Amino acid sequence: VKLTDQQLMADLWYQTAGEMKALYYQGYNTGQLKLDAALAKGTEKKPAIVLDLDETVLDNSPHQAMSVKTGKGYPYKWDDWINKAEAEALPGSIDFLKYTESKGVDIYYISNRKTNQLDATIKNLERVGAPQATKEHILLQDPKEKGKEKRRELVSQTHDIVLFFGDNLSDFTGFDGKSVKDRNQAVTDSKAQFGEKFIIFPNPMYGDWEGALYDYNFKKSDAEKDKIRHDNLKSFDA
Amino acid sequence: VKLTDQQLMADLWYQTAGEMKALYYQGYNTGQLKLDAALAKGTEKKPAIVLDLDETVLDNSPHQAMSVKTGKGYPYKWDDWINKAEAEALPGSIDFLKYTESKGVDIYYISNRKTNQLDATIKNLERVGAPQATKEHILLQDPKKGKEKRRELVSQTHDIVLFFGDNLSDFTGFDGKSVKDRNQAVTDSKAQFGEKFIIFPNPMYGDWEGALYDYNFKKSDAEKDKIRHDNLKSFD
Ligand SMILES: [Mg+2]
Ligand SMILES: [Mg+2]
């Protein structure tokens with residue numbers, strides 16, 4: 001079995017579909033509307049927004065394409081990719097971030113890139129013209145750090161985070177390490193937050209939705225993953 | 001070679017990912033906000049909204065999952081599936097539609113289901129609690145091109161304040177364009193998304209795929225496989 005072939009349509013959609021681009025504009029448009037609303041409501045502390053990087057601001061789909069072509073999945077040559085620092089900005093992101101900056105709102109890029117990829121990450125953010133592309137605003141993941149809550153909490157110490165942007169539920173508060181059933185129920189419970197405080201972007205290529213199927217164990221063999229993937233489809237029995 | 005296998009992750013995301021559900025809530029939440037705003041300002045004609053059905057209101061992913069499991073691509077058992085009228089509603093859809101109806105807004109389900117699938121479609125919509133599940137509000141495909149004619153028809157008597165869909169051709173201005181041109185059209189219309197055009201994620205199938213084939217699905221699995229690979233952009 002070649003697991004990477006199973007990614008192909010998801011990757012192809014993400015890389016080529018205008019629908020994908022439209023969803024990014026929709027997310028950033030909605031985020032801008034909600035940013036204005038939040039500023040008009042006012043805050044107790046200095047306003048901030050938080051964004052994930054990969055598949056929220058920066059497009060890493062060329063790496064996923066590489067995995068399809070080579071048959072070698074993530075993280076094969078992921079660090080090589082990060083070091084090239086050539087991911088493109090996703091639709092709407094830069095203009096939204098420049099708008100945010102124009103309103104005096106601080107931006108925090110909370111990303112699970114490794115802290116030792118900061119230089120490459122700054123390089124890529126400078127290349128795409130993302131504001132506040134500095135160590136003070138780019139909060140990467142420490143080795144052994146679980147999730148992002150620690151960085152969110154740090155930001156919330158000094159800022160009232162009025163919006164979160166991401167492609168993975170764990171880019172928002174309240175969705176860490178849950179089973180498929182539990183994270184899905186959590187979405188239902190927090191349904192009012194989406195498009196309000198949590199601005200979500202589509203990423204069918206990879207993420208916690210997949211990790212959750214493996215109980216977050218990617219050390220599973222390819223054969224194991226293949227069975228899990230098949231077993232979790234809900235098929236029409238004609 | 002086993003072309004259906006290439007859909008597996010797209011389907012699995014759509015069927016299982018909480019992120020998918022959140023995107024549906026996001027879209028319908030935004031829809032409600034924008035509907036209220038539109039109603040506050042008033043319209044010249046009676047307000048309406050337009051929704052696509054498949055992968056917008058009704059979830060057909062069990063059919064696509066079946067395709068993967070059996071290795072049998074479209075149209076295998078599609079009509080069977082439609083006839084079973086057992087698709088579930090997509091997250092947020094039904095409460096949004098009920099809200100909409102309560103505001104005196106007419107709903108038009110403009111769908112490229114075939115006009116001979118109307119009874120099944122009504123059945124399925126009734127089953128999930130979609131309001132206005134009647135022939136007057138469900139505008140299915142005439143075998144004699146796209147949905148613009150139906151949209152224009154509704155616009156004669158209603159001011160359509162919102163459009164909902166998973167495929168760009170669910171909105172005006174995206175019919176039969178190349179990948180390059182439909183993508184540029186999205187850029188050109190970027191302000192509309194989340195404002196007048198509410199989009200939902202569907203990586204399983206759609207005009208995004210059709211456009212890669214120049215809308216000619218009379219291709220072998222081997223032909224589609226080559227196109228698909230050639231349109232992935234790797235790095236050096
Ligand atoms: Mg991400
Ligand atoms: Mg549809």
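Only this structure's heavy atoms are used, side chains among them; waters, hydrogens and symmetry mates stay out. Below, chain A is the first sequence line, B the second, and so on; all start at residue 1.
- Ion pair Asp5(A)/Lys2(B) not flagged as a salt bridge, since none of the NZ, NE, NH1 or NH2 atoms sits closer than 4.0 Å to an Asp/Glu carboxylate oxygen.
- Residues forming a salt bridge (charged side-chain N to carboxylate O under 4.0 Å, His left out) with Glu210(A) (at least two apart in sequence, or on another chain): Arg229(A).
- Take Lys180(B) and apply the side chain to side chain contact (heavy atoms under 4.5 Å, CB included) test, not counting sequence neighbours, and it matches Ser178(B).
- Annotation: side chain to side chain donor-acceptor pair (under 3.5 Å) contacts of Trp78(A) (sequence neighbours excluded): none.
- Counted by atom type alone, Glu148(B) and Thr172(B) present one or more donor-acceptor pairs between their side chains at under 3.5 Å.
- In terms of the salt bridge (charged side-chain N to carboxylate O under 4.0 Å, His left out) criterion, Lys72(B) has no residue partners (sequence neighbours excluded).
- For the ring-ring contact (aromatic ring centres under 6.0 Å, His included) test, residues two or more places apart in sequence or in another chain that qualify with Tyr28(A) are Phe96(A), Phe165(A), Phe201(A).
- When all heavy atoms of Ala65(B) and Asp11(B) are compared, the pair lying nearest together is N-OD2, 3.9 Å.
- Electrostatic pairing of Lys77(B) and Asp80(B) counts as a salt bridge here, judged by a charged N lying under 4.0 Å from a carboxylate O.
- Taking the ring centre of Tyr214(A) as origin, the terminal cationic atom of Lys225(A) falls inside the region bounded by 6.0 Å and 45° from the ring axis.
- For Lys114(B), there are no salt bridge (charged side-chain N to carboxylate O under 4.0 Å, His left out) partners two or more places apart in sequence or in a different chain.
- Inspection of the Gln184(B) and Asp188(B) side chains reveals an N or O donor paired with an N or O acceptor under 3.5 Å.
- A distance-only check finds no donor-acceptor pair linking the side chain of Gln6(B) to the backbone of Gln7(A) [under 3.5 Å].
- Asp166(B) meets the side chain to side chain donor-acceptor pair (under 3.5 Å) test with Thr56(B), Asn202(B); sequence neighbours excluded.
- Checked against salt bridge (charged side-chain N to carboxylate O under 4.0 Å, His left out), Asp54(B) has the following partners two or more places apart in sequence or in another chain: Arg113(B).
- Every side chain to side chain contact (heavy atoms under 4.5 Å, CB included) that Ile107(A) has, sequence neighbours left out, goes to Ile49(A), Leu51(A), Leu97(A), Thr100(A), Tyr109(A), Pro131(A), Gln132(A).
- Taking the six-membered ring where the residue is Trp, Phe163(B) and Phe197(B) present perpendicular rings, their angle passing 60° and hence far from 30°.
- Listed by first and then second residue, the salt bridge (charged side-chain N to carboxylate O under 4.0 Å, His left out) pairs involving residues 12-25 of chain A are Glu19(A)-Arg182(B) (not counting sequence neighbours).
- Contact check on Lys34(B) versus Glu195(B) returns a salt bridge, with a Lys/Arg side-chain nitrogen under 4.0 Å from an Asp/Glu carboxylate oxygen.
- Ring geometry, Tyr74(A) versus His63(A): the interplanar angle exceeds 60°, so the pair is classed perpendicular (tilted spans 30 to 60°).
- Counting heavy atoms from C-beta on, the side chains of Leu162(B) and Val50(B) never come closer than 4.5 Å.
- By the side chain to side chain donor-acceptor pair (under 3.5 Å) test, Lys226(B) pairs with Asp230(B), sequence neighbours left out.
- Evaluation of the side chain to side chain donor-acceptor pair (under 3.5 Å) rule for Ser169(B) yields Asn167(B), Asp207(B) as partners, not counting sequence neighbours.
- When atom types are taken as modelled, the side chain of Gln26(A) and the backbone of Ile199(B) share a donor-acceptor pair closer than 3.5 angstrom.
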